[PDB]
Amino acid sequence: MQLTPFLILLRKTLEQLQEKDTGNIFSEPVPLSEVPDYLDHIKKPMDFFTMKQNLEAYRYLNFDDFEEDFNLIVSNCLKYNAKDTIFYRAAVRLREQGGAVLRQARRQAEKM
Ligand SMILES: O=c1[nH]c2[nH]c(=S)[nH]c(=O)c2[nH]1
């Protein structure tokens with residue numbers, strides 16, 4: 001497997017995942033200045049901007065490490081926010097819509 005086509009695929013996949021987050025509520029880190037208690041039980045914050053930085057820092061060299069950080073976006077949001085909030089339901093919807101995006105991307109990857 002060559003690195004360049006794989007990273008091209010992860011760039012496209014990340015774009016597709018971001019497209020499912022229509023509110024852009026996961027686009028940037030959770031602002032600790034406005035959610036001061038966030039790090040109390042969120043041990044590894046994650047967001048799409050950070051994922052793009054990690055991608056270009058060559059920190060995703062296989063599909064599972066990329067998918068792991070996407071799952072953190074979802075799981076952190078489910079953990080922090082009460083079930084009856086817009087945030088929690090947005091994470092549920094992202095988990096659902098992102099799963100199809102990830103399965104199709106991984107099919108593409110395994111063909112490489
Ligand atoms: O109360 C909350 N504010 C915020 N902000 C962001 S960016 N993500 C959240 O899960 C959240 N929960």
Side-chain angles (χ1 to χ4, degrees), residues 1-42 44-78 80-103 105-110 112:
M1 214 204 222
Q2 301 173 5
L3 179 59
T4 288
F6 178 70
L7 290 183
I8 285 166
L9 168 66
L10 293 188
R11 291 185 182 100
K12 174 182 186 276
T13 306
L14 185 56
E15 284 175 336
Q16 291 170 327
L17 291 173
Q18 290 217 233
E19 286 179 22
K20 305 299 186 182
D21 172 24
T22 57
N24 281 332
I25 76 135
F26 306 112
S27 61
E28 298 179 337
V30 172
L32 309 176
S33 49
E34 304 167 5
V35 187
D37 71 323
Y38 191 73
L39 274 173
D40 284 15
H41 297 95
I42 306 310
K44 188 181 175 203
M46 188 51 58
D47 64 275
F48 285 128
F49 180 79
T50 297
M51 285 195 69
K52 175 68 173 186
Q53 285 179 313
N54 293 342
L55 191 164
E56 306 299 347
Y58 301 104
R59 305 209 179 91
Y60 301 137
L61 301 178
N62 55 69
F63 202 81
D64 283 286
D65 286 345
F66 172 87
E67 182 170 294
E68 233 175 66
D69 272 348
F70 171 76
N71 287 340
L72 268 181
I73 295 180
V74 171
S75 63
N76 287 344
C77 189
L78 299 180
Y80 183 76
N81 297 287
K83 290 185 84 186
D84 66 4
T85 63
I86 297 279
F87 284 132
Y88 187 101
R89 193 71 209 183
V92 170
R93 201 184 64 178
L94 184 62
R95 181 183 68 205
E96 293 172 352
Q97 298 195 107
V101 170
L102 286 164
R103 178 173 184 160
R106 192 193 285 271
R107 282 186 258 104
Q108 294 186 73
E110 295 175 350
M112 298 170 174

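Hydrogens, waters and symmetry mates are skipped; everything else that's a heavy atom, side chains included, is used. Quick note: residue numbers are just sequence positions, from 1.
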Non-hydrogen atoms of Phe70 and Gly98 that approach each other most closely
CZ-CA, 4.0 Å
Smallest heavy-atom separation, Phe63 atom then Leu102 atom, equals CZ-O, 3.4 Å
Hydrophobic cluster membership, with links at side-chain heavy-atom distances under 4.5 Å among I/L/V/M/F/W/Y: are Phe66 and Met1 in one?
yes
Using the test salt bridge (charged side-chain N to carboxylate O under 4.0 Å, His left out), find all partners of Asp64 that sit at least two apart in sequence or belong to another chain.
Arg106
Which residues share a salt bridge (charged side-chain N to carboxylate O under 4.0 Å, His left out) with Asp69, sequence neighbours left out
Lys44
Kindly compute the distance separating CG (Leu94) from NZ (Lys20), expressed to the nearest 0.5 Å.
10.0 Å
Measuring from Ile25:CD1 to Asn81:CG, what's the distance to the nearest 0.5 Å?
7.5 Å
Measure the CG-OH distance between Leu39 and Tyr80 for me, rounded to the nearest 0.5 Å.
10.5 Å
Flag yes if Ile86 and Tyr38 sit in one hydrophobic cluster, no otherwise; membership is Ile, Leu, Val, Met, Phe, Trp, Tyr, and two members link when side-chain heavy atoms are under 4.5 Å apart.
no
Closest heavy-atom pair, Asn76 versus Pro45, reported as atoms and distance to 0.1 Å, is ND2-CA, 3.5 Å
Between atom CG of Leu14 and atom CD of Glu19, what is the distance when rounded to the nearest 0.5 Å?
10.5 Å
With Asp65, which residues qualify under side chain to side chain contact (heavy atoms under 4.5 Å, CB included), at least two apart?
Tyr60, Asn62, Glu68
Go through the structure and list residues passing side chain to side chain donor-acceptor pair (under 3.5 Å) with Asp21, not counting sequence neighbours.
none
Quick one: are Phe26 and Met46 in side-chain contact, heavy atoms under 4.5 Å?
no
Sub-4.5 Å side-chain heavy-atom contact between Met51 and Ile73
yes
Scan residues 86-101 for pairs that pass salt bridge (charged side-chain N to carboxylate O under 4.0 Å, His left out), counting only residues two or more places apart or in two chains.
none
Can you name the residues that form a side chain to side chain contact (heavy atoms under 4.5 Å, CB included) with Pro31, not counting sequence neighbours?
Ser33, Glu34
Does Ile8 belong to the same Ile/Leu/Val/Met/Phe/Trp/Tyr cluster as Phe6, with side-chain heavy atoms less than 4.5 Å apart forming each link?
no
Run the side chain to side chain donor-acceptor pair (under 3.5 Å) test against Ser27 and tell me which residues pass, sequence neighbours left out.
none
Can you name the side chain to side chain contact (heavy atoms under 4.5 Å, CB included) partners of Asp84, sequence neighbours left out?
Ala82
For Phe48, give me all partners under ring pair (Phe, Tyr, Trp, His ring centres under 6.0 Å), at least two apart in sequence or on another chain.
none
For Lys52, the salt bridge (charged side-chain N to carboxylate O under 4.0 Å, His left out) test, sequence neighbours excluded, returns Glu56
Say you draw a straight line from OG of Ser75 to CD1 of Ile42; how long is it, rounded to the nearest 0.5 Å?
7.5 Å
Sorted by chain and residue number, the side chain to side chain donor-acceptor pair (under 3.5 Å) partners of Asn24 (sequence neighbours excluded) come out as none
Please report the interatomic distance OG1(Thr4) to CG(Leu9), rounded to the nearest 0.5 Å.
12.5 Å
Test item: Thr13 and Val101 side chains (from C-beta on) under 4.5 Å apart, heavy atoms
yes
The side chain to side chain contact (heavy atoms under 4.5 Å, CB included) partners of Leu3 (sequence neighbours excluded) come to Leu7, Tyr58, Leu61
